Amino acid sequence: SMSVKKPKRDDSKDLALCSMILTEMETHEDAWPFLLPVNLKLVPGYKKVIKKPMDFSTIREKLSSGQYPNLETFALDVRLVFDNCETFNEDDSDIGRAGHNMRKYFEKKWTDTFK
């Protein structure tokens with residue numbers, strides 16, 4: 001509360017560390033469904049169904065331009081990519097499997113770096 005604070009965590013490396021995680025996600029062989037925004041002119045149903053499209057190139061641009069206020073907002077966009085994937089794609093499909101794989105990959109890096 002006012003004048004009552006937990007000891008100050010060093011957040012000075014967070015930006016660099018999120019960048020590194022994102023590079024690791026970008027270079028994973030199963031990243032291909034997530035690298036660029038879904039083409040809303042060419043994929044029937046996506047625009048109406050997926051209220052908040054997100055992809056790794058969009059996260060990279062937001063990260064590089066100071067649009068994440070803290071590491072929780074960054075994790076929320078990464079998770080949105082996989083939540084969107086699950087919404088639109090059957091589990092038993094190449095893309096559906098890709099999204100589960102990538103979510104697991106991310107969550108381990110996230111825990112290992114920050115927990």
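If you read the sequence from its start, that first residue is 1, and numbering goes on from there.
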[Y] backbone acceptor or donor facing [X] side chain under 3.5 Å:
X   : Y   : answer
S93 : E90 : yes
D11 : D14 : no
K5  : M2  : no

Could you check if a side-chain atom of [X] sits within less than 4.5 angstrom of a side-chain atom of [Y], using non-hydrogen atoms only?
X   : Y    : result
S1  : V4   : yes
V38 : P53  : no
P33 : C85  : no
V81 : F106 : no
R60 : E26  : yes
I21 : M25  : yes
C18 : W110 : yes
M54 : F34  : no

Hey, could you give me the [atom1]/[atom2] distance between [X] and [Y], rounded to the nearest 0.5 Å?
X    : Y   : atom1 : atom2 : value
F74  : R79 : CZ    : CZ    : 10.0 Å
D83  : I50 : CG    : CD1   : 9.5 Å
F114 : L71 : CZ    : CG    : 5.0 Å
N89  : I95 : CG    : CD1   : 5.0 Å
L17  : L22 : CG    : CG    : 12.5 Å

task: Walk me through it: do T87 and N84 pass the test side-chain hydrogen bond (donor to acceptor under 3.5 Å, both in side chains)?
output: CA-CA 5 Å; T87 296; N84 291 345; 5.4 Å; no

Going hydrophobic residue to hydrophobic residue with side-chain gaps under 4.5 angstrom, can you get from [X] over to [Y]?
X   : Y   : answer
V49 : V43 : yes
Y46 : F56 : no
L80 : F88 : no

message: Determine whether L35 and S57 satisfy the following criterion, side-chain contact (heavy atoms from CB on, under 4.5 Å), listing intermediate values before the conclusion.
response: CA-CA 6 Å; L35 292 173; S57 73; over 6 Å; no

query: How about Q67: does its CD atom have over 12 heavy atoms from other parts shown lying under 6.0 Å from it?
result: yes

With a 4.0 Å cut-off on N to O distance, would you call [X] and [Y] a salt bridge?
X    : Y    : answer
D92  : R97  : yes
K108 : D112 : yes
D30  : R103 : no

- prompt: Does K109 count as lying over the ring of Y105, i.e. NZ or CZ under 6.0 Å from the six-ring centre, within 45 degrees of the axis?
  reply: yes

message: Checking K52 against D77 for the salt bridge (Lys or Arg N to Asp or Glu O under 4.0 Å) test, could you report, in this order, the C-alpha distance in whole Å, the side-chain angles of both residues, the deciding distance, and whether it holds?
response: CA-CA 10 Å; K52 289 172 73 166; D77 270 358; over 6 Å; no

Check against side-chain contact (heavy atoms from CB on, under 4.5 Å), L76 and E72: CA-CA 6 Å; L76 280 168; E72 302 311 328; 5.6 Å; no

